[PDB]
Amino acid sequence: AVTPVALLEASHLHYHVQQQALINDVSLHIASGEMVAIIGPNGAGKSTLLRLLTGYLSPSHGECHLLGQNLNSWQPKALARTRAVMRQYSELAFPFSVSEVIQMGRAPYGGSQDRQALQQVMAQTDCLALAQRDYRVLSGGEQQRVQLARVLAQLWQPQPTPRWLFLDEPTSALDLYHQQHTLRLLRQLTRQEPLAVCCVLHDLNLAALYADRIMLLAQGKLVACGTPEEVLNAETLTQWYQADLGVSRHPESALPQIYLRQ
């Protein structure tokens, strides 16, 4: 018997900036149909790890495989098909319409079914009424939905195929409502299609609620890997977080809840 899995594997990733190990020895794996969360305090290098798993930043000593093949040997097109990344800062200084911006996501696919993909994606991220609008004029949440739409459009295929969506740390003016909404959407997508989400959250509650596994990164090292309950306990929180945080139980769910002491 064999249990084959679509796996993003990371073996001993190191990343130094001038002899300073920003990411020390880190090994992990994100599996298809799983919602993983990188957490940790400032300076831990979460963004650096994300950018290591995403193939953007070259590892120093370690390797980083995707579907059994090293990211080095992966070709730009196919990779662009398999893995997509959403950041929440928007750097558009020119009047692109929301449709143009999302359609820009269809880049790796030679114009094939761009209309279908855009229709579905924009339908499910709640745009459509935003389609013919200056991207710059959009409010924060609308930008959230449009960026989410861009990435989902890049990750649209007519077949059931394993793909990876990375979600960089949220911008700061973005309310709880929109973070929650996005994480819910991606959460259920994880159950439906073969999709692996890997997001970087600062909020411990959001990671507890919407992640299957959670990965506590501190000082470039992985100091915790497991369920929200295996990681988000009072001991480890006090250990790595400075705020006076404690762990209780969620009144409604069977998940840990992190609270502030008076």
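Position 1 is the first residue in the sequence shown; the rest follow in order.
Participant: Using only C-alpha atoms and the B-factors in the entry, which stretch averages higher, 7 to 15 or 246 to 254?
Facilitator: The deposited B-factors put 246 to 254 ahead on the C-alpha mean.
Participant: Out of 153 to 161 and 170 to 178, which stretch has the higher average CA B-factor listed in the record?
Facilitator: The entry gives the higher C-alpha B-factor average to 170 to 178.
Participant: Among the choices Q103, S90, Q75, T82, identify the one whose CA B-factor in the record is greatest.
Facilitator: Going by the entry's C-alpha B-factors, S90 comes out highest.
Participant: From the list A107, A117, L71, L148, select the residue with the highest C-alpha B factor recorded in the entry.
Facilitator: Checking the PDB record, the top C-alpha B-factor among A107, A117, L71, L148 is at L148.
Participant: Taking the C-alpha B-factors as the PDB entry records them, is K221 in the lowest, middle or highest third of its chain?
Facilitator: For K221, whose C-alpha B-factor we compare with every modelled residue in the chain, the answer is the middle third.
Participant: Looking at the entry's B-factor column for C-alpha atoms only, identify whether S32 ranks in the lowest, middle or highest third of its chain.
Facilitator: Within its chain, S32 is a lowest-third residue by C-alpha B-factor, going by the deposited values.
Participant: Taking the C-alpha B-factors as the PDB entry records them, is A44 in the lowest, middle or highest third of its chain?
Facilitator: Highest third - that is where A44 ends up once the chain's C-alpha B-factors are sorted.
Participant: Sorting the chain's CA B-factors, does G62 end up in the lowest, middle or highest third?
Facilitator: Top third by C-alpha B-factor.
Participant: Could you place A129 in the lowest, middle or highest third of its chain by Cα temperature factor, using the values in the record?
Facilitator: Ranked within chain, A129 CA B lands in the highest tercile.
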